[PDB]
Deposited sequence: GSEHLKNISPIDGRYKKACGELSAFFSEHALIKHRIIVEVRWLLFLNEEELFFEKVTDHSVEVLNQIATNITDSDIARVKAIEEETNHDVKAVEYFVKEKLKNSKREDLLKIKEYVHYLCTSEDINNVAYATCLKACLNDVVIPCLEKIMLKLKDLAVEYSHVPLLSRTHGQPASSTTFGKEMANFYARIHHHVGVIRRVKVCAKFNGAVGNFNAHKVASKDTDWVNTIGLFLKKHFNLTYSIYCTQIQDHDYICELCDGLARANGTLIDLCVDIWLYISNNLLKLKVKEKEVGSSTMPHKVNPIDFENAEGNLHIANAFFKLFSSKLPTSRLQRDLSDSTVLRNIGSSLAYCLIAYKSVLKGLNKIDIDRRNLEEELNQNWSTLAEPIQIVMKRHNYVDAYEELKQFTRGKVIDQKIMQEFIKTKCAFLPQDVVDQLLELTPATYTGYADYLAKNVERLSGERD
């Protein structure tokens, strides 16, 4: 009866993406807001800006509010939100309540300083930044790196296996299966590196970004330095100093754009794998409800759909998050509640990709037969050699010779024997030893050396 859920995220695919609810769910949002509030009061206590330090034990009681958050804690916040119709204000009340309800006298004194000087977005943006960072570092990017590792394994394992290339869908100079996978490794590797280099930013600046309240409360405090310390020490966050009521969200747009480019590469992979399978060059480990031996690339297909959905959210984010009327409009708040959904679609797709990739094997006989039926792809190296030995208009010579004939091995090798005999005999012999399977350039070297040679 998670089966009665409308979103396939919380419905059909909940098993695939459930680990995300610790980062993104209203429960996790409430939890992290409580933590941010508690950490702020702990920092005010540390700094003694407004009161003398509470007792060592009162500090641990203050801590425990943030380190032991229960389901009932969450229900309590929701209960209060029914009164307030303000979700962050409900958390202030909750934290003050737990302080009132504590034994401690010093804690009863300092409870009025909960949320002191803050605006709601001070709490929210840190909650989101810490959840997003931890989600990507602990769940989403590791899943991407698993796909990357499997592509590298495939690149090395099949580095030598000749494969007929297709440009415009049609036969072209050979590659190897390893090399084609190496190409996807190299791109995913680059995408992961760009994404990991985006800095997750936060701010803590009050009503409109200017420390208005803070300046009145404590005129000799350098609030820019004090907040930078707060965010670094309590959250390991970079501080984006310039903001209105909202953090600008540009780092979210950067991350999402990065993930969206990764997703594009993965869609490219999914469709190529589908096409290799269509052409019977790859086989899948055991399907069709009517044909007993038919096995379909349904993991790649499911992945392709969910990568497109993830990218829809990601385009929405980068398009709408950067704009907010004056010192803010609230339309960004609901949009941001869908960051979790966007990364769920990524995770569903990435896990399907992994499942698909682990099912594939090469079909050597089919790979070989295709290559041996596509001798026309040897046109270029014959011309290249002819030209190296001063032949003029090599392509026209081959064109003339093959005119009105169906090009095959016999014709290509007759062309070498009777039209290239002017070459040194060792060069002629090497032309005669070339096959579409052996004309693969440095595909094998490049495939097995991709870890080292990719930028």
{"item": "Deposited-sequence stretches lacking C-alpha coordinates, listed in sequence order", "value": "1-2, 289-293, 463-465"}
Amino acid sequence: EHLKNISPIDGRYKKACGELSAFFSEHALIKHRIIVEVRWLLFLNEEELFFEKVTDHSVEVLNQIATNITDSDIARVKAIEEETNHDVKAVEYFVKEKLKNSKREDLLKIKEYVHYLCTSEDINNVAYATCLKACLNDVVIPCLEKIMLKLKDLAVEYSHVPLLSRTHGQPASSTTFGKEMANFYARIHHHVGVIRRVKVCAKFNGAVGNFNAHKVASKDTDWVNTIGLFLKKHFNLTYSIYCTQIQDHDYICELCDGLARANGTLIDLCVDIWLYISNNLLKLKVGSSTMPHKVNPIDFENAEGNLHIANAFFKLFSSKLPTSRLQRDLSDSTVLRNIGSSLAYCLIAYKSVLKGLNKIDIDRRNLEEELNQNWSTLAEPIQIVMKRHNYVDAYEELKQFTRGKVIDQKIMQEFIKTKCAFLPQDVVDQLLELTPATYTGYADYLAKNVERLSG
From here on, numbers count along this sequence of modelled residues.
{"property": "Mean temperature factor over C-alpha atoms, higher-scoring stretch between 23-31 and 392-400", "result": "392-400"}
{"property": "Mean temperature factor over C-alpha atoms, higher-scoring stretch between 205-213 and 365-373", "result": "365-373"}
{"property": "Candidate set 126, 353, 134, 74 [ranked by C-alpha B-factor, highest]", "result": "74"}
{"property": "Which of 139, 186, 252, 284 ranks first by CA B-factor in the deposited coordinates", "result": "284"}
{"property": "Position of residue 244 among the chain's modelled residues by C-alpha B-factor, lowest, middle or highest third", "result": "lowest"}
{"property": "Residue 292 - Cα temperature factor, lowest/middle/highest third of chain", "result": "highest"}
{"property": "Relative C-alpha B-factor of residue 143, binned into the chain's lowest, middle or highest third", "result": "middle"}
{"property": "Among modelled residues of the same chain, the CA temperature factor third for residue 37", "result": "lowest"}
{"property": "Residue 197 - which third its CA temperature factor falls in, relative to the rest of the chain", "result": "middle"}
